[PDB]
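Take a look at this single chain in C-alpha cells; it is the form deposited without this ligand.
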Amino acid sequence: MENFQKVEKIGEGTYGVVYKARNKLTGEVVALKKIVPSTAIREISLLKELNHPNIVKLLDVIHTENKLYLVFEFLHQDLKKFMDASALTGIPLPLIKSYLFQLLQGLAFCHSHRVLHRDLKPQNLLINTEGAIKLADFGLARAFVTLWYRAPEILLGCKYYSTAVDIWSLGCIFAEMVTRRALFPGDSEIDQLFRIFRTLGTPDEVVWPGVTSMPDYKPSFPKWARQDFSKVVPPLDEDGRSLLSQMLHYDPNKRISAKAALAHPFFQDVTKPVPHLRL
C-alpha cells in the first residue's frame, strides 16, 4: 500500500471509498478501492484473469490487516456524468450504439466464463477519450442502493438467477441513454416492481412460465396493461426497439443473451465515434 499516494477522493462506493492514486514506484495512475473471508479472497482473486478490453482491468489485490484493497486501471469518467453533461442535447445515437455494442461484448466475455456483474448501473460504466466504454466492478457481487436496473426475477425473490439479469440492466441503461431519463426510477422494491409492471404489463403465466410460483409473487398484484412499446423509447428506430424489447423479456430464459444481441440488425451499421469530454 505504501507504494501509493492518494491523488484525491473520486467517489464513494458500494463496498468502499474509491481513490485516484499514483504508484509511488511506477508513478502510474490507478483507481484504488478500499473494501476477511477466504472465499471472497479466492473469489475476487480469480477475477484477475478475467481480462477483456471492455472490462475495467483489475491490476492487483492487496489484503492487509482486515484492510482489503483493489487496484484497478483508471478511466476519467462514468456514464452517469456523461449522460448529465449531455442532458440538453442527448447522446448522439451512433455513440449510443457503439457503447451498447462494446458493453455487450464485455458481457459476452464474462458470461461465457460463467461470471455475472449482478449490479450494472451508469456509475460502473467508465469511458475514456478514445471512444471506448468499460464495465467496472464485475464479479464483486458474488464476492459480497439503486434498484432502477434490477431484473424482475431478482425482485421476485428468485435466488438462482442467471446472466440474464445483466442483460436486463443493460437494456434499462440503453433506454436511459436514448430518453435522457431513467426507465424504471423505483424508490423501493415494490415501487420498482410496479413501475416495471406499469410499462411492460403485469406478468402472468402466459408471458412468464412459473412466474406465480415465485417467492415474492402476490396474486394481489394490480393488473396493468402492457404499453405499446413506441411510447417508451421514442424516437429510437424499429431495430432499436426490437433489440431493447428482447433485452427486457420477462422470462429470463427468453430474454436475449449478450452473444445473440451482438448479431441483431440494430448493430449492422455500428461504428466507433469519439465522444467529447471535458476533463
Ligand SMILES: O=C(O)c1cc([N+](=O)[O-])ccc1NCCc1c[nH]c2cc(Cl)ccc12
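By rigid core we mean the largest C-alpha set that fits within 1.5 Å across both forms. From 1 onward, residues are counted along the sequence shown.
Keep in mind the form deposited with this ligand bound is missing from the figure; the text below concerns it.
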*How would the site be scored, open or blocked, if this ligand were superimposed onto this chain using its pose in the bound PDB entry (blocked means 3 or more ligand atoms within 2.4 Å of backbone or C-beta)?*
blocked
_Residue among 93, 85, 190, 141 with a heavy atom within 4.5 Å of this ligand in the bound PDB entry_ = 141
*in the bound PDB entry, which of the listed residues (148, 72, 101, 194) lies with a heavy atom within 4.5 Å of this ligand?*
72
_Would all three of 33, 115 and 137 be in contact with this ligand in the bound PDB entry, where contact means some heavy atom lies within 4.5 Å?_
yes
*Answer for residue 243 alone: is it within 4.5 Å of this ligand in the bound PDB entry, judged on heavy atom distances?*
no
*asked:* Since only the chain is shown here, I'm wondering whether residue 236 would be in contact with this ligand in the bound PDB entry (any heavy atom pair within 4.5 Å).
replied: no
*Contact between residue 178 and this ligand in the bound PDB entry at 4.5 Å, heavy atoms?*
no
*asked:* Can you work out whether residue 56 and this ligand are in contact in the bound PDB entry, taking contact to mean some heavy atom pair no more than 4.5 Å apart?
replied: yes
*Please name which of the stretches 105-113, 85-93, 182-190, 169-177 has residues with heavy atoms lying within 4.5 Å of this ligand in the bound PDB entry.*
105-113
*Going by heavy atoms, what in 38-53 lies within 4.5 angstroms of this ligand in the bound PDB entry?*
44, 47, 50
_Large Cα move at residue 259 between the shown form and the other one, threshold 2 Å, rigid core_ = no
*asked:* Using the rigid core as the reference frame, would you say residue 213 shifts its C-alpha by 2 Å or more between the shown form and the other one?
replied: no
*residue 271: CA shift of at least 2 Å between the shown form and the other one after core fit?*
no
